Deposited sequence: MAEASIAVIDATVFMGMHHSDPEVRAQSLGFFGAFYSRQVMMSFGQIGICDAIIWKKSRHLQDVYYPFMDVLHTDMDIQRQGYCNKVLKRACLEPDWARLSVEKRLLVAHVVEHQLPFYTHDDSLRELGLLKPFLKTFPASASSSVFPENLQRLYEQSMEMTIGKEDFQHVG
């Protein structure tokens, strides 16, 4: 079953917390040769965070994000009807994107990776939450791009206000 990630995993590669960054980088080192799913919404959240940064920071960061999405088999899709119906029957607290994301993970019983504390606490998600696998983690040129992009820093405040 294909692994699901959200924007906190993707942007976590640039987190100011070294442990969060190590976890995100460990996931991508282990899954770069494999398949991963991100929703359209999770992709937009990433951009909405980045487009508020300086022109210089966007310029050094996006080449890394772009080559990663191109060279890695990241499956970018929307939610299906069954998932929408499940989200509306949920009782809650959580934004709409998060409810759809939870619905998608549960409906398809997919392994799920996330740094989002508001999702890691959810009993409904704990049978699908996976432990993050455990430096130089990409093919070399992507690694060069990542290094240049590390000027860009991501923190918990980025996700609160997007």
property	result
Stretches with no C-alpha position, numbering per deposited sequence from 1	1 to 4, 97 to 98, 141 to 143, 172
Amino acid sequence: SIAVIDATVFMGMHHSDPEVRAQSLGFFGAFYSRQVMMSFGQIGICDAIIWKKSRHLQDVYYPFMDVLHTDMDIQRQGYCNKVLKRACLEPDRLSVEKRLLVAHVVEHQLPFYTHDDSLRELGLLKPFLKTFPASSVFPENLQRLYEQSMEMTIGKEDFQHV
From here on, numbers count along this sequence of modelled residues.
{"query": "45 to 53 versus 28 to 36 - which carries the larger mean C-alpha B factor in the record", "finding": "28 to 36"}
{"query": "Higher-scoring stretch by recorded Cα B factor average, 62 to 70 or 104 to 112", "finding": "104 to 112"}
{"query": "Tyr146 - which third its CA temperature factor falls in, relative to the rest of the chain", "finding": "middle"}
{"query": "Within-chain third of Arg86 by Cα B-factor, per the entry", "finding": "middle"}
{"query": "Third of chain Cα B-factors occupied by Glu121", "finding": "highest"}
{"query": "Chain third (lowest, middle, highest) by recorded CA B-factor, residue given as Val20", "finding": "highest"}
